[PDB]
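[1] Enclosed are the sequence and the experimentally obtained structure.
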Amino acid sequence: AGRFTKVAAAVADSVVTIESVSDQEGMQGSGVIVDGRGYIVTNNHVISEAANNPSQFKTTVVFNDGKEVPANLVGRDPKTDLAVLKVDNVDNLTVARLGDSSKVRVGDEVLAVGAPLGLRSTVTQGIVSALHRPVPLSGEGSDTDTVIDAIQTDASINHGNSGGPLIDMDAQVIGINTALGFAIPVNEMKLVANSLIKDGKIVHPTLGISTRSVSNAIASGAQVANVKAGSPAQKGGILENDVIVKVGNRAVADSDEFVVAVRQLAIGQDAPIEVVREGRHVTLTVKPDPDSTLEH
Amino acid sequence: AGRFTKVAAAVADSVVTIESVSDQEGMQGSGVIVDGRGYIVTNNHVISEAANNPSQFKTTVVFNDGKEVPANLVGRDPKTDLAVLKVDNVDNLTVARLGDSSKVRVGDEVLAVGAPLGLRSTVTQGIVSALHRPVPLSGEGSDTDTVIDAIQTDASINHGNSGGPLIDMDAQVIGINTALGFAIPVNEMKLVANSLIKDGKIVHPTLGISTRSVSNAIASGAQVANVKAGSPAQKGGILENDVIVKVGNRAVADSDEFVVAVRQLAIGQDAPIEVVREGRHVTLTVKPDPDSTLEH
Amino acid sequence: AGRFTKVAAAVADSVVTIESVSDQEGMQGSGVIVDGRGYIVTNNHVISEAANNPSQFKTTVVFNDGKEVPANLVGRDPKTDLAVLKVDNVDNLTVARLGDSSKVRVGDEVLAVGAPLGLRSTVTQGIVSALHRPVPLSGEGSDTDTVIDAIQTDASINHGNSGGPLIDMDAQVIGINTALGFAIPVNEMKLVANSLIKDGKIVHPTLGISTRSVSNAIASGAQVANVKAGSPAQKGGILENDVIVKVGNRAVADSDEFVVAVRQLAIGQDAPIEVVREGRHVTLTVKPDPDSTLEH
């Protein structure tokens, strides 16, 4: 038995097919079994329509034996494109082994495993081509466009393995595939899923800034496009056509790194923001607000 | 010598360049030597123009030593995109070793080998990403569009390895490359080529149905678009806007699986066809006819 | 540590980030350290704008420790898409080990290594899919379009590894990545860089011909589109609508092979050019001129 053949066959019982059907449409994707009680992690674009219109869509989970069981949505994070599902009282579940994406290195052999019984299902191979790479993700329906600090791989990520696990050579999950390929690291997926299960959703920081990427010799980075009224940036001194070069303890190369850096902040604790303003380097003190105040 | 380098160098003398030239055009592709008498298997799109207009095209086979010899067309199956060529009295031929595609598993390392002396020739590497996957194939000229139950690979299939062999790690042919990559399994290629050699062509079943894929909660599958007059479906009870969910002993997910399922039937023996008709599940009894009555 | 992980980590200190910034633009690419004195090889499209407008662009080299040092351009060959840069008095430089691309074989495992600290940086994996393959390359700004005799790989070549090294499994440089992937062989890169360092630039042969690819049964190859006045081809007998099938000791399949074959000639020594003229095979005697007479 082949070396990748062995790894894929060992995690096949942990990958599931996720279908949501209405009377006129039907979405399919992949998911991962991460808890013996029935908690299944997929990405947010696979389920987006079934959450914006749950009155008309029905989500089901198909296992690798063919069993189809009802599934309910625990929570979903469009800003990390993640989601947690729940199947009830299904026995003999083959839970996936969750690894440490902090120990993942560039050039490591990986497998992007999709659900075997899916329609356009795929299992692709490659290596890790980049770590902590911000990639912009387009929201499905009414869902917002986001940027995630991602693992990059030259294994192909497509409709057939989206939501499925990125697997290392010890058959451990190191990421969630989001459909030149990108995956959500498992350590962030663990933090997000632990909150989606407990609280039904997750709360992220906000400053009220929109940015556009700038690249020149004066100041390259994220150029502020709009500052919301009453926002922490407005009450921190951030002006428009300012070039943010660092949010907190992270340098900012463009707007994509800016989104990830803001979301690596602490809600309600002052943080430093460097800005190049008309050639004058100005550091500012901004107190991040929560994107959801009542859930916080 | 590298691990893939060894496998590719062992099958290079079995892959050939296939050129067909007129006074205004010229096609090139790849082929595989599968019989010591000179029988060469390629795909149907490589030779299509030389068969629809043989009065004006001339097909030649170039070996990996550089020898160019005349070649004649034994038969061609546009419905499986396969073809058999014949070189005469060429000695010391390095025949390829044909494997068993039924023993191919997902994650198996593969090589998509093109003819070395070709123009845009390529030898690509990857894994098997799916098995028994129906993929639609567009016909070249007057040739019909078809769907094949294929092996999927993340090795790149392109003009440089089309018609060439998909090779396992024992240097055995497990498929024919058809130009996110797809190959025709070797076990089907053996059945098709054995008939193209003996009979000059092959006969497949037909029911006289055209379908369109449907995806919803009532009935997903192949929705009948047109039923031909006097057809086995017409004389079996199949109506239009019916949703076929199973042809014979194969479930049907869409129109692509429907084409492959009809062609897995027995000509002239009654077979069951499930249909969801206005919400009523109706199984029907259809007797497949041959697509070519006189050759049958 | 993984097998590719080990190779990539051993050459990471030899790959550098190359940035050129003006007041309105900024280009980034990758480069390779090939000489302890500070000589850095990248490709020509990475630096093209900083050489056509050096009054307004500033080129810098960022190492894998993060050090940013000034960099100056020694020479650039748009016809091979190569360039040599120079950093001054930088100590403890981790020079790359240059291999022999003549010993590279098809199916050999390779790594297309980009600069780790780059923005869209990538390290991709694949195999050598073709050797001595002419590929056309589009010039960046005012730079001319060229064709290079290249190494082809199914490792992805992109903005994140362009200019970086193609690395074998002994962690040796066998090519320079030029952004279904192509690389400039290391043996040609050694000849070109040795002249760009000594002489500031390189001189290539010219015949004064433009060609278009032709493919039929009479004569396939490079069809002459225009012959310059006073050119070696004009004074050799080459006429328009002639089909060149061989330049010197190299057969010519199309215009792309023609460009590489002319550049494999000797300036000022008579050479044979076969042509199929109105069905008559005519060999001609052409004396290649230098593309730059004073530098020659």
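    Now that the structure is in, tell me what you want to look at. Residues are numbered from 1 along each chain as shown, chains lettered A, B, ... in the order given.
[2] Quick one: residues in contact with stretch A:213-227.
    Stretch A:213-227 is contacted from outside by A:208-212, A:233-234, A:238-245, A:252-258, A:276, A:279, C:21-26, C:58, using Cβ atoms under 8 Å, 6 or more residues apart in numbering or on different chains. Backbone N, C-alpha and C define where each C-beta goes, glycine included.
[3] again, but for stretch A:241-252
    A:209, A:211, A:214, A:218-224, A:238, A:257-258, A:260-262, A:264-265, A:271-277, A:282.
[4] Show me what from the stretch 51-200 of chain A comes close to chain B.
    Neighbours of chain B within the stretch 51-200 of chain A, by Cβ under 8 Å from any Cβ of the partner chain: A:58, A:111, A:116, A:119, A:121-126, A:155-156, A:158, A:160.
[5] Please produce a PyMOL select command covering the buried subset of those residues.
    Filtering those down to the buried ones (16 or more other Cβ atoms under 10 Å in any protein chain shown) takes a single PyMOL command:
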select buried, chain A and resi 111+116+119+121+122+123+124+125+126+155+156+158+160
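[6] now the residues of the stretch 51-200 of chain A next to chain B as a markdown table including distance to residue C:151 and secondary structure?
    As requested, those are exported to a markdown table (distance: Cβ to Cβ, whole Å; DSSP: H, G, I helix; E, B strand; the rest coil):
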| residue | distance to residue C:151 | secondary structure |
| --- | --- | --- |
| A:58 | 52 | strand |
| A:111 | 27 | strand |
| A:116 | 36 | coil |
| A:119 | 38 | coil |
| A:121 | 34 | coil |
| A:122 | 28 | coil |
| A:123 | 29 | strand |
| A:124 | 24 | strand |
| A:125 | 22 | strand |
| A:126 | 20 | strand |
| A:155 | 23 | coil |
| A:156 | 23 | coil |
| A:158 | 28 | coil |
| A:160 | 31 | coil |
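[7] Could you tell me which residues of the stretch 101-250 of chain A lie near chain C?
    Counting by Cβ under 8 Å from any Cβ, the stretch 101-250 of chain A sits next to chain C at A:105-109, A:126-130, A:152, A:154, A:169, A:180, A:215-218, A:220.
[8] Pull out the buried members of those.
    A:106-109, A:126-130, A:152, A:154, A:215, A:217, A:220.
[9] Could you measure from whichever residue of the stretch 1-150 of chain A sits closest to chain C over to residue A:239?
    Ranked by Cβ to the nearest Cβ, the top residue of the stretch 1-150 of chain A for proximity to chain C is residue A:107, at 3.9 Å. Going from residue A:107 to residue A:239 by Cβ to Cβ, to the nearest Å gives 43 Å.
[10] rewinding a little: so which of the contacts of stretch A:241-252 belong to strands?
    Judged by DSSP state E, those include A:209, A:211, A:214, A:221-224, A:271-277, A:282 as members of strands.
[11] So which of these wins on neighbours?
    residue A:222 (29 neighbours; other Cβ atoms under 10 Å in any protein chain shown).
[12] The nearest residue to residue A:72 once chain neighbours are set aside: what's it in contact with?
    Ranked by Cβ to Cβ, 6 or more residues apart in numbering or on different chains and with sequence neighbours excluded, the top spatial neighbour of residue A:72 is residue A:86, at 5.1 Å. Residues near residue A:86 by Cβ under 8 Å, 6+ apart: A:37-40, A:71-74.
[13] mind checking how far residue A:140 is from chain B?
    17 Å (Cβ to the nearest Cβ, to the nearest Å).
[14] That residue contacts residue A:45, doesn't it?
    Yes: here residue A:140 reaches residue A:45: they are 4.5 Å apart, a contact under Cβ atoms under 8 Å.
[15] Which one's more surrounded, those two?
    Using other Cβ under 10 Å, the more surrounded residue of residue A:140 and residue A:45 is residue A:45, with 23 against 19.
[16] The more buried one falls within a helix, correct?
    Yes: checked against DSSP: H, G, I helix; E, B strand; the rest coil, residue A:45 lies within a helix.
[17] correct me, but it touches residue A:178?
    Yes: counting by Cβ under 8 Å, residue A:45 does reach residue A:178; the two are 7.4 Å apart.
[18] shared neighbours, these two?
    In contact with both residue A:45 and residue A:178: A:81, A:137, A:162, using Cβ under 8 Å, 6+ apart.
[19] Tell me the one of those nearest residue C:291?
    Comparing these against residue C:291 with Cβ to Cβ places residue A:137 closest, at 48.2 Å.
[20] Quick one: neighbours of that closest one, just the number.
    Counted with other Cβ under 10 Å, residue A:137 comes out at 23.
[21] Please apply the same query to residue A:281.
    11.
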